[PDB]
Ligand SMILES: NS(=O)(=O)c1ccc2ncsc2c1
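In the block that follows, a single chain appears as structure tokens, in the form solved without 1,3-benzothiazole-6-sulfonamide (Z2F).
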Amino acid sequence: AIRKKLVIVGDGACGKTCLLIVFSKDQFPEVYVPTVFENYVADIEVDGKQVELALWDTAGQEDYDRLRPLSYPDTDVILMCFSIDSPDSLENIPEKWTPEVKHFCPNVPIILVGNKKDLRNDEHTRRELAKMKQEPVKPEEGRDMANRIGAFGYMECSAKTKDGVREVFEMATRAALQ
């Protein structure tokens, strides 16, 4: 089994920690949702190839510009996250996160991931966003941003229900192998 490294980036409220927890446990925690994620090495078999995929979170490093890049050495795939209930998290992708990852991880594939997709049809989310003249991120808005930033691909998931979670990590493994 070959070893590959994955790092997840995105704004503090993008759901990156939850996404790593749910994938690594293959379950949305029923009793306690952890505050933090240390690391994990997932055994994944994608398209007949066995890989040990090491998973890392950048949560807590968002305000520390000299500590945060220490998470990037030898990264093989980047998951660049935004929350579908937060158009503001999508706006920070093209000129903050994208140029940073392209600088420290040249030629590393980036997958743009739209997290919390279950909130797209959540009435409380729609009412709250309508107060700031906003709405949940549309699928075409996600795809267009991924196209614009030169992402390897665009994917959506919900850590809450687990829908799309496995597919994101299997695709990330495929990207890391290219």
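Residues that one form lacks are left out of the comparison. Rigid core here is just the name for the largest C-alpha set that superposes within 1.5 Å across the two forms. Throughout, we count residues from 1 along the sequence that is shown.
Chemist: Name the higher of the two by mean Cα B-factor in the PDB entry, 84-92 versus 97-105.
Modeler: The stretch with the larger average C-alpha B-factor is 84-92.
Chemist: Mean C-alpha B-factor higher for 160-168, or for 21-29?
Modeler: Per the deposited B-factors, the answer is 21-29.
Chemist: Which has the highest CA B-factor per the PDB entry: 65, 38, 141, 128?
Modeler: Out of 65, 38, 141, 128, the record gives the largest C-alpha B-factor to 128.
Chemist: According to the PDB entry, is the CA B factor of residue 115 in the bottom, middle or top third of its chain, that is, lowest, middle or highest?
Modeler: For residue 115, the deposited C-alpha B-factor lands in the middle third.
Chemist: Lowest, middle or highest third: where is residue 55 by C-alpha B factor in its chain?
Modeler: Lowest third, going by the recorded CA B-factors of the chain.
Chemist: By the record's CA B-factor, is residue 3 among the lowest, middle or highest third of residues in the chain?
Modeler: CA B-factor rank for residue 3: highest third.
Chemist: By the record's CA B-factor, is residue 132 among the lowest, middle or highest third of residues in the chain?
Modeler: For residue 132, whose C-alpha B-factor we compare with every modelled residue in the chain, the answer is the highest third.
The same protein also exists as the form deposited with 1,3-benzothiazole-6-sulfonamide (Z2F) bound; that form is not shown, yet it is the one meant from here on.
Chemist: Using the partner position in the deposited bound form, report whether residue 105 sits within 4.5 Å of 1,3-benzothiazole-6-sulfonamide (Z2F), counting heavy atoms only.
Modeler: Yes, residue 105 is a contact residue.
Chemist: Would residue 86 sit within 4.5 Å of 1,3-benzothiazole-6-sulfonamide (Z2F) in the deposited bound form, counting heavy atoms only?
Modeler: Residue-level check for residue 86: no, no contact with 1,3-benzothiazole-6-sulfonamide (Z2F).
Chemist: Can you name the residues of 34-70 that have a non-hydrogen atom within 4.5 angstroms of 1,3-benzothiazole-6-sulfonamide (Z2F) in the deposited bound form?
Modeler: Sequence-ordered list has one entry, 69.
Chemist: State which of the options 121, 50, 147, 27 undergoes a Cα shift of 2 Å or more between the shown form and the other one, taking the core as fixed.
Modeler: After core superposition, the single residue displaced by 2 Å or more is 27.
Chemist: Go ahead and list the segments of at least 3 residues in a row whose C-alphas all shift 2 Å or more between the shown form and the other one, with the rigid core as the reference fit.
Modeler: Once the cores are aligned, run 26-28 is the only one whose C-alphas move by at least 2 Å.
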